[PDB]
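Single chain ahead, by itself, as structure tokens, in the form deposited in one PDB entry.
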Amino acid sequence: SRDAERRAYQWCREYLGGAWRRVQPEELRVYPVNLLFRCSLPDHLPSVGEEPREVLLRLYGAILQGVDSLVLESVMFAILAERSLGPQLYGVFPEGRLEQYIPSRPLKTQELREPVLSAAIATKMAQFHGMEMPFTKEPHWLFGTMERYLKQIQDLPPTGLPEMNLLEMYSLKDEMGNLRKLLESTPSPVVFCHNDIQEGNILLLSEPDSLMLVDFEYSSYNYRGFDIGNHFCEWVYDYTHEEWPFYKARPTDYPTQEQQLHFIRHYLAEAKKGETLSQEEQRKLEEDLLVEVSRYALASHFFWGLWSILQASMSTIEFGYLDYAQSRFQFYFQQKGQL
């Protein structure tokens, strides 16, 4: 649309500067990749200084985001950029931001299991967990957010859908306490977590450090075990499935013990790189982490199942959110019973 093109043009010229000052309106169009758009400097123009030739314009939702929330999100994004753990940040303004376009493609679900890529993901996740960030270090995110989601679900206006509420079908309010008790018995260090290391958020670089993570919507200080366990759960789900419900679950694609240990070995090699450990101490760290993840992986099911019920309340036919929620809760109980 004429207005959207004009805004993108103005934002690029004003926030990027340099060669962008010489671009004429008729030479620039936005390409949707929807709230995300690619903007490219015309080929005939040389760059002036270090200003980027390739950016992504990210527009914020029509949805209300609090002031404090936007401060935290923007500060987080800016810091991860400086530390080379996310895309560079080139503009912040009320409507959105301009980010580095990373030449890349996202991973696919099946690629997560390839040993060399899985080792690289482990290494990157551990790098992320090494970050000191200016946010609360108290680990209230996991159960605080789940408690909030449950309250929000309880408060939803009735819609007319006749089915038993999933909170009741799966006794989720009671079950949350059972999970809390289990995880309270399971030590897991509190670290800066990504919280959504799915294939769609892992970019395979065309100009390799071979990967970059994106999508920090959910990132927070949280239990290490959640970030790893959540990643393992993602081996099961493909969100590119082309028929309703527009995801597919393959439960047998959950990582085997050997696949989990391979990831864990590479994770710990990075996490513990500055430490002098015997092979025996290393073995213990690996075994303990295997158990830790087996339990915190259950929180991935529980968290996303609750989140998905809320998504269903704002959706119709574009994705089977309620179906997905039920899949996560079924796997929760199955895996809980296999402990």
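In this text, the rigid core denotes the largest set of C-alpha atoms whose superposition between the two forms falls within 1.5 Å. Residue numbers run from 1 along the displayed sequence.
- Missing coordinates between residue 208 and residue 209 amount to 1 to 3 residues of the deposited sequence.
- Going from residue 33 to residue 34, you skip over 4 to 9 residues of the deposited sequence that the entry leaves unmodelled.
- The stretch 308-316 shows the higher mean C-alpha B-factor when 308-316 is compared against 287-295 in the entry.
- Here 119-127 and 233-241 are compared by their mean Cα B-factor, and 233-241 comes out higher.
- For the set 228, 107, 102, 156, the PDB entry puts the maximum C-alpha B factor at 156.
- Per-chain ranking of the deposited C-alpha B factor places residue 29 in the middle third.
- The PDB entry assigns residue 301 a C-alpha temperature factor belonging to the lowest third of its chain's modelled residues.
- In this PDB entry, residue 87 carries a Cα temperature factor that places it within the lowest third of its chain's modelled residues.
- The entry lists a Cα temperature factor for residue 261 that places it in the middle third of the chain's modelled residues.
- Split the chain's modelled residues into thirds by C-alpha temperature factor. Residue 188 is in the middle one.
The form deposited in another entry exists for this protein as well; it is not shown, and the discussion that follows is about that form.
- Core-based superposition between this form and the one not shown leaves all of 82, 258, 138, 243 but one with CA shifts under 2 Å; the exception is 82.
- A movement of the C-alpha atom of residue 54 reaching 2 angstroms or beyond is seen between this form and the one not shown when the two forms are aligned on their rigid core.
- Relative to the superposed rigid core, residue 169 undergoes a CA displacement smaller than 2 Å between this form and the one not shown.
- Once the rigid core is used as the reference frame, the Cα position of residue 114 differs between this form and the one not shown by less than 2 Å.
- Here's the thing about residue 127 and residue 54: their CA atoms end up at least 3 Å farther apart in the other form than they are in this form.
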